[PDB]
Amino acid sequence: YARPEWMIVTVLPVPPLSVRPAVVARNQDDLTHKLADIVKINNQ
Amino acid sequence: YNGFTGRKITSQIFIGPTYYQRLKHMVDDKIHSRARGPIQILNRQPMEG
DNA sequence: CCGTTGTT
DNA sequence: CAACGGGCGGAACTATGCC
RNA sequence: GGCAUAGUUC
């Protein structure tokens with residue numbers, strides 16, 4: 001159930017749209033902003 | 001004297017003009033009830049307020 | 001304030 | 001002996017500024 | 001719509 005090497009994150013789960021809902025003018029959550037920054041750095 | 005029966009009250013009462021105040025806290029601004037109303041978005045629990 | 005971990 | 005980290009009440013009601 | 005701050009009741 002917990003292999004030691006799995007604790008090194010190489011695949012990052014993305015929570016669904018229910019965990020980070022949009023805001024009604026559409027606003028993005030703190031999680032969404034951090035996800036966008038992370039994927040920006042990752043593709044760079 | 002008693003109001004309903006008209007008979008004297010045995011104990012004499014202490015009565016006089018005192019200066020009273022009506023505070024801001026009324027009941028029409030505090031009564032509240034709920035039965036299956038609006039519901040929060042993130043948790044899908046009832047709203048607050 | 002006081003449970004962990006390091007340094008000595 | 002020294003440094004570090006987590007822990008610290010319960011409910012409720014208005015208002016105002018800002019993203 | 002949300003975040004924050006202030007005041008008040010018990």
# chains A, B, ... in the order shown; residues from 1 in each chain; ligands from 1
>>> interface_residues(of="chain A", to="chain E", cutoff="10 Å", atoms="only C-alpha atoms (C1' of nucleotides)", output="JSON, numbers by chain")
{"A": [23, 24, 25, 26, 27, 29]}
>>> interface_residues(of="chain A", to="chain B", cutoff="8 Å", atoms="only C-alpha atoms", output="MDAnalysis selection string")
chainID A and resid 18:19 21
>>> interface_residues(of="chain D", to="chain B", cutoff="12 Å", atoms="only C-alpha atoms (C1' of nucleotides)", output="PyMOL selection string")
chain D and resi 12-14
>>> write_last_selection(atoms="C-alpha atoms (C1' of nucleotides)", output="short mmCIF file (atom, residue, chain, number, x, y, z; two decimals), in the first residue's frame")
data_model
loop_
_atom_site.label_atom_id
_atom_site.label_comp_id
_atom_site.auth_asym_id
_atom_site.auth_seq_id
_atom_site.Cartn_x
_atom_site.Cartn_y
_atom_site.Cartn_z
"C1'" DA D 12 -24.93 34.76 17.42
"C1'" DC D 13 -25.93 39.76 14.95
"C1'" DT D 14 -24.64 44.25 12.16
#
>>> atom_distance(atom1="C1' of residue 18 (chain D)", atom2="CA of residue 40 (chain A)")
28.2 Å
